[PDB]
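Student: First portion of the complex, with coordinates as positioned in the assembly:
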Amino acid sequence: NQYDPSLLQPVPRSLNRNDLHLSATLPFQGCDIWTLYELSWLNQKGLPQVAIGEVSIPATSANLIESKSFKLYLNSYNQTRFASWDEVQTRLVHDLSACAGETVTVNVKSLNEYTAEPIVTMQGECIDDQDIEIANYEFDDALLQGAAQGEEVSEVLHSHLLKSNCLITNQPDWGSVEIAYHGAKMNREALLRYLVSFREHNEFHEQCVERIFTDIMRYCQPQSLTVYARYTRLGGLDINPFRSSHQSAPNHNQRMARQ
């Protein structure tokens, strides 16, 4: 029951990126922001410690980290004595960086750092309140065909209706997604239908955001695009992939209502 870095399992980003027909020179920059709600270990005297971990994995890393393996790796801390909070931080940076293949950022935060922090919603216009009929739940990226026919705009849209089925467990993925762009104005009905069409599609959170980014790019051809999704946790860990034309990281990391 002791600390065991061998439990981490990398998954290469190249599998789905090749399925999206991306080259190794990526159309986006960004990162996967993870929240570790259940981080716990023993101090040097055996007294339990609890914290929330905030992790950022660069989107250029060769691998993402499979979430269940990440949970089991964290559970291996639970019965292990560490000298200090700094030692825990150091071990997390080392093991997560080795797994992902690029340096990962890790903040280990005491629970009192969250007291009185507010829940946030996303920015700009919510596209969800449309009186439309959904006839089927098949994924269809052609729902975006001709979706960006309007005048040149810069705007931020979001939806709370993103759902997909997790590839390896068949359990539901729940997310909110924010889309900021400069380009021909997007048809809201087409964008909503496209997102709803993920509902029974097998996905990982990271690849779903990459698919949304690359489908919007190809069908809607904005000049600038940022897609940031915030998913509910699975097994005590959540993932918030951020992909952008121009931005390396989001300027905010705050929890939403279902997270």
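Tutor: Looks like it arrived, so ask away. Numbers count the residues shown, from 1 in each chain, chains lettered A, B, ... in the order given.
Student: So which residues of the stretch 151-259 of chain A form strands?
Tutor: For the stretch 151-259 of chain A, the strands defined by DSSP state E, counting those that start in this stretch cover A:172-186, A:202-203, A:224-231, A:237-244.
Student: and those as TSV, adding mean neighbour count and distance to residue A:47?
Tutor: For every residue, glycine as well, the C-beta is placed using N, CA and C. Formatted as TSV, these follow (neighbours: other Cβ atoms under 10 Å; distance: least, Cβ to Cβ, whole Å):
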stretch	mean neighbour count	distance to residue A:47
strand A:172-186	20	35
strand A:202-203	18	40
strand A:224-231	24	33
strand A:237-244	24	24
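Student: could those strands be laid out in JSON lines, adding distance to residue A:254?
Tutor: Converted to JSON lines, the strands of the stretch 151-259 of chain A look like this (distance: least, Cβ to Cβ, whole Å):
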{"stretch": "strand A:172-186", "distance to residue A:254": "12"}
{"stretch": "strand A:202-203", "distance to residue A:254": "24"}
{"stretch": "strand A:224-231", "distance to residue A:254": "9"}
{"stretch": "strand A:237-244", "distance to residue A:254": "10"}
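Student: For residue A:123, find the nearest of those strands.
Tutor: strand A:172-186 (6.1 Å; Cβ to Cβ).
Student: Please parse chain A into its domains.
Tutor: The record's domain split for chain A, according to curated CATH domains, is A:1-116, A:121-259.
Student: Could you report the separation of the residue of chain A most remote from its centre from residue A:197?
Tutor: Residue farthest from the centre of chain A, counting by Cα atoms, centre = their mean, is residue A:45 at 36.0 Å. Applying Cβ to Cβ, to the nearest Å, the value for residue A:45 to residue A:197 is 54 Å.
Student: ditto for residue A:152
Tutor: Using Cβ to Cβ, we find residue A:152 at a distance of 27 Å from residue A:197.
Student: Same question for residue A:112.
Tutor: Going from residue A:112 to residue A:197 by Cβ to Cβ gives 42 Å.
Student: more neighbours, these two?
Tutor: Applying other Cβ atoms under 10 Å to residue A:112 and residue A:197 shows that residue A:197 carries more neighbours, namely 20 against 7.
Student: Dihedrals phi and psi, the more buried one?
Tutor: phi -70, psi -10 (degrees, to the nearest 10).
Student: Does residue A:113 belong to a helix, a strand or coil?
Tutor: Using DSSP: H, G, I helix; E, B strand; the rest coil, the structure places residue A:113 in helix.
Student: which residues touch the closest residue to residue A:257 other than its chain neighbours?
Tutor: Spatially, and ignoring its direct neighbours in sequence, residue A:257 is nearest to residue A:119 (5.4 Å; Cβ to Cβ, 6 or more residues apart in numbering). Applying Cβ atoms under 8 Å, 6 or more residues apart in numbering to residue A:119 gives the contacts A:254-257.
Student: try 7 Å
Tutor: Residue A:119 is in contact with A:255-257, counting by Cβ atoms under 7 Å, 6 or more residues apart in numbering.
Student: Check residue A:258 too.
Tutor: By Cβ under 7 Å, 6+ apart, the neighbours of residue A:258 are A:174, A:232.
Student: picking that back up, any idea how far residue A:71 is from the residue nearest to residue A:257?
Tutor: When distance is defined by Cβ to Cβ, residue A:119 is 24 Å away from residue A:71.
Student: just to revisit the earlier point, go through the strands of the stretch 151-259 of chain A and name the closest to residue A:96.
Tutor: Closest of these to residue A:96 is strand A:237-244, at 11.8 Å (criterion: Cβ to Cβ).
Student: Alpha carbons of that closest one, as PDB, please.
Tutor: Below are the C-alpha coordinates for strand A:237-244, written out as PDB (Å, rounded to 0.1, in the frame of the first residue of the first chain):
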ATOM      1  CA  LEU A 237     -10.000  14.000 -10.500                       C
ATOM      2  CA  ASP A 238     -11.200  16.400 -13.100                       C
ATOM      3  CA  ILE A 239      -9.700  17.400 -16.500                       C
ATOM      4  CA  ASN A 240     -10.100  20.900 -18.100                       C
ATOM      5  CA  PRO A 241      -8.500  20.800 -21.600                       C
ATOM      6  CA  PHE A 242      -7.600  24.200 -23.000                       C
ATOM      7  CA  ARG A 243      -6.700  24.500 -26.700                       C
ATOM      8  CA  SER A 244      -6.100  27.800 -28.500                       C
END
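Student: slot chain B in:
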Amino acid sequence: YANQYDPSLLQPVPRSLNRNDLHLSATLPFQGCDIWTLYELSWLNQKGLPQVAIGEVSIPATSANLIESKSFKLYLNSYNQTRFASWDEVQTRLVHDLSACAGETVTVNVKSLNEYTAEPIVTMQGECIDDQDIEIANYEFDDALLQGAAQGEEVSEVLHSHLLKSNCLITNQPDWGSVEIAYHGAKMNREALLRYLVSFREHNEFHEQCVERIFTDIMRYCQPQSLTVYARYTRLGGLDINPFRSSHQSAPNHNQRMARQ
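Tutor: Chain B goes in next, on the same frame as the chains above:
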């Protein structure tokens, strides 16, 4: 095809099974409720467009049964591809089905996500007992850690800890919780109390069960005049449970989430 609405997925567990092991009678030493938060509630409207909400449920501690958590999650997943005419219908079905499973009327609120904007993450009341310079090496459950724990002057105190952990009975993963203990009685030794709470760490529990054991152990070893034990656990499978048990109080004032929830 996803399974659609299926109330037969709900699994009742009689509260009396474990209460028997606590040597309780049918006449309970406590009152209270189990407050559940349903972070993943989603269904389709009559046109097939997804709806999302957060549910809040209160189950009376006098109900014959509690509801097994995995079954509750699967029952809620059965809504995900089911069409409902209104939010009111969803709320009404949740009340009906969860009341039938528990054996007593339960309260349900189905809230739009916008109701949560600017809502706080909260801590618990009173003094945190966790920052102690003590050594622990034996994690096995021991209620006798509370022997002689309340010797002090008569006081009213509120104490809390974030260090509650146990192992989830059926599904066998760790349970993470914070627990608030309010009492009036001889002052409790904080080292004994913390060692006792940490002794749950490798013990198989339901959350509801662990709070009732904490309540009944503090009553028998410390004999306060009045006591409330309230724990807030992190979610499993999108739902969390927050059992409240008290000699004199009915329910907590709100259902605000804590940092890990």
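Student: Same as before for the nearest residue to residue A:257, with chain B this time.
Tutor: Among residues not flanking residue A:257 along the chain, residue B:116 sits closest, at 3.7 Å (Cβ to Cβ, 6 or more residues apart in numbering or on different chains).
Student: quick one: which helix or strand includes the residue farthest from the centre of chain A?
Tutor: Using DSSP states H and E, residue A:45 is not contained in any helix or strand.
Student: my guess is it meets residue B:132, correct?
Tutor: No - taking Cβ atoms under 7 Å as the definition, residue A:45 is not a contact partner of residue B:132, at 9.2 Å.
Student: How many residues are close by the residue nearest to residue A:257?
Tutor: By other Cβ atoms under 10 Å in any protein chain shown, the residues close to residue B:116 number 17.
Student: and it, what is it in contact with?
Tutor: The contact partners of residue B:116, by Cβ atoms under 7 Å, 6 or more residues apart in numbering or on different chains, come to A:119, A:257, B:54.
Student: Which residue ranges of chain A form helices?
Tutor: Here chain A has its helices, by DSSP state H, at A:14-19, A:67-75, A:85-100, A:188-196, A:205-220.
Student: Now the stretch 151-259 of chain A against chain B: closest residue?
Tutor: Nearest residue of the stretch 151-259 of chain A to chain B (Cβ to the nearest Cβ) works out as residue A:257 at 3.7 Å.
Student: Please report phi then psi for that residue.
Tutor: Main-chain torsions, residue A:257, degrees, to the nearest 10: phi -60, psi -50.
Student: same check, this time on residue A:46
Tutor: According to degrees, to the nearest 10, residue A:46 has phi 90, psi 10.
Student: just residue A:199 next, same as before
Tutor: Dihedral pair for residue A:199: phi -60, psi -40, per degrees, to the nearest 10.
Student: distance between stretch A:82-97 and the chain's centre?
Tutor: Averaging C-alpha positions (Cα atoms, centre = their mean, to the nearest Å) puts stretch A:82-97 23 Å from its chain's average.
Student: Restricting the selection to alpha carbons, write it to PDB.
Tutor: What follows is stretch A:82-97, C-alpha atoms only, in PDB (Å, rounded to 0.1, in the frame of the first residue of the first chain):
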ATOM      1  CA  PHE A  82       6.400  12.200   3.400                       C
ATOM      2  CA  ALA A  83       8.800  14.600   5.100                       C
ATOM      3  CA  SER A  84       6.900  17.700   4.000                       C
ATOM      4  CA  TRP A  85       4.300  19.100   1.700                       C
ATOM      5  CA  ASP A  86       7.300  20.200  -0.500                       C
ATOM      6  CA  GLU A  87       8.400  16.500  -0.800                       C
ATOM      7  CA  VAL A  88       4.900  15.600  -2.000                       C
ATOM      8  CA  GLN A  89       5.000  18.400  -4.600                       C
ATOM      9  CA  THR A  90       8.400  17.400  -5.800                       C
ATOM     10  CA  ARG A  91       7.400  13.700  -6.200                       C
ATOM     11  CA  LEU A  92       4.200  14.700  -8.100                       C
ATOM     12  CA  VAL A  93       6.200  17.000 -10.500                       C
ATOM     13  CA  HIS A  94       8.800  14.200 -11.100                       C
ATOM     14  CA  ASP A  95       6.400  11.300 -11.700                       C
ATOM     15  CA  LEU A  96       3.800  13.200 -13.700                       C
ATOM     16  CA  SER A  97       6.400  14.900 -15.800                       C
END
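Student: about what we covered before: and the residue farthest from the centre of chain A, what are its phi and psi?
Tutor: Note on residue A:45: its backbone torsions stand at phi -100, psi 0 [degrees, to the nearest 10].
Student: now the strands for the stretch 1-150 of chain A?
Tutor: Using DSSP E, counting those that start in this stretch, strands in the stretch 1-150 of chain A cover A:10-12, A:29-42, A:48-58, A:63-65, A:105-109, A:125-126, A:148-166.
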